[PDB]
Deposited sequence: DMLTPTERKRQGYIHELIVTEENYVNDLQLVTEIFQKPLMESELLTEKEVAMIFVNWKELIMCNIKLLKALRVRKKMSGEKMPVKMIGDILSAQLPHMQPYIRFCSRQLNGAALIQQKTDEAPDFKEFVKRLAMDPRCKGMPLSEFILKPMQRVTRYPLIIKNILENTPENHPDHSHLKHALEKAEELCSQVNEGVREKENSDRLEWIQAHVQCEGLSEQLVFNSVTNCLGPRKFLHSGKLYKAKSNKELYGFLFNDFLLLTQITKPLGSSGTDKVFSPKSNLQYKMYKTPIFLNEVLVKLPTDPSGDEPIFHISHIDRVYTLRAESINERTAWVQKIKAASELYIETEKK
């Protein structure tokens, strides 16, 4: 077992890979056992409400269990006190099986909200969830903290692999595999991050589609003319001391609106190309009395339709 501090750092980070996967998979399963099943059986929530919280948790268990078994088999093959010579091939093959992380993390925000609302509006939910978490297997962690584990897990893969790689010399039979693994684990994270943004955007446009009367037919959550799917960019009240409003700045337009007296609370309300802004804040549609947002969007449209 003659290892340099480097070869040894390498075996240690591989050890950490497996051990924290073992822990993680066990944690994913604990959640299903002590939180999901009981909450569903409780009749406290609906089938829709239960799915808004746990989403594809089951899919996550299945794919991670897959990684773990392949990790276990490799470790067993390496030998008892012998070092794992290759681990990178397994991650490189398994990480593309991990697209369900995008669905989960892009939906876990609505669930966090749903849990908080029910926590406060109904003291039945609050105490029942507190009771379930009393199981010592939780080690004091409440449900809402377990929900974070899949996001925490995908984001830790690149850190772990980078450390295995940094302690793996260029002529080593695992170097290329690890280099691939790193690229894919970073790809996965970015897709997750992107998926969260897309969903944040979709829910934003669907919220506008219900709290803004565009009579005079306007379908917000759909493909813009030549700029792909529509993207909400900004929104803030626009006070006109000439002519007390509130406007929503999208990718392609600025919907001037008036609040007839993004949360889930009752309130009602009634184009970027041909425009230019200044503050000599003033706007020019025919003129009328955070400018970078309007500016950047404008130049982005003109330059996009140039082709």
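Stretches of the deposited sequence lacking C-alpha coordinates, numbered from 1: 217 to 219, 247 to 248, 267 to 276, 286 to 291, 301 to 303, 305 to 310, 316 to 317, 322 to 332, 351.
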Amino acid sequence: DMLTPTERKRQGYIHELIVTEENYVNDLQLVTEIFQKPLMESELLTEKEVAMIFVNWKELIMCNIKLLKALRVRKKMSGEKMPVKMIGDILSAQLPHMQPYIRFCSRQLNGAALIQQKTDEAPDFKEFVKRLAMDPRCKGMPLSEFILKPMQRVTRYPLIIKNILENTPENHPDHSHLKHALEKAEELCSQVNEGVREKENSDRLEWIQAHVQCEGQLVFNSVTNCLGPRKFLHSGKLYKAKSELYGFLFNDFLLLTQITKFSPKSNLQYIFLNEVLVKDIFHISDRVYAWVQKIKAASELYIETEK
From here on, numbers count along this sequence of modelled residues.
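Stretch comparison (117 to 125 versus 167 to 175) by mean CA B-factor in the PDB entry places 117 to 125 on top. The question of which stretch, 139 to 147 or 207 to 215, has the higher mean Cα B factor is settled in favour of 207 to 215. Comparing C-alpha B-factors across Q152, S106, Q99, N225 in the deposited entry, the largest value falls on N225.
Among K237, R230, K75, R156, the highest C-alpha B-factor in the deposited entry belongs to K237. In the PDB entry, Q258 places in the highest third of its chain by CA B-factor.
When the modelled residues of the chain are ordered by their C-alpha B factor, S243 lands in the highest third. Among the modelled residues of its chain, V55 has a C-alpha B-factor that falls in the lowest third, as given in the PDB entry. Residue-level temperature factors show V31 in the lowest third of its chain, judged at the C-alpha atom. Ranked against the other modelled residues of its chain, the C-alpha B-factor of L44 as given in the entry falls in the middle third.
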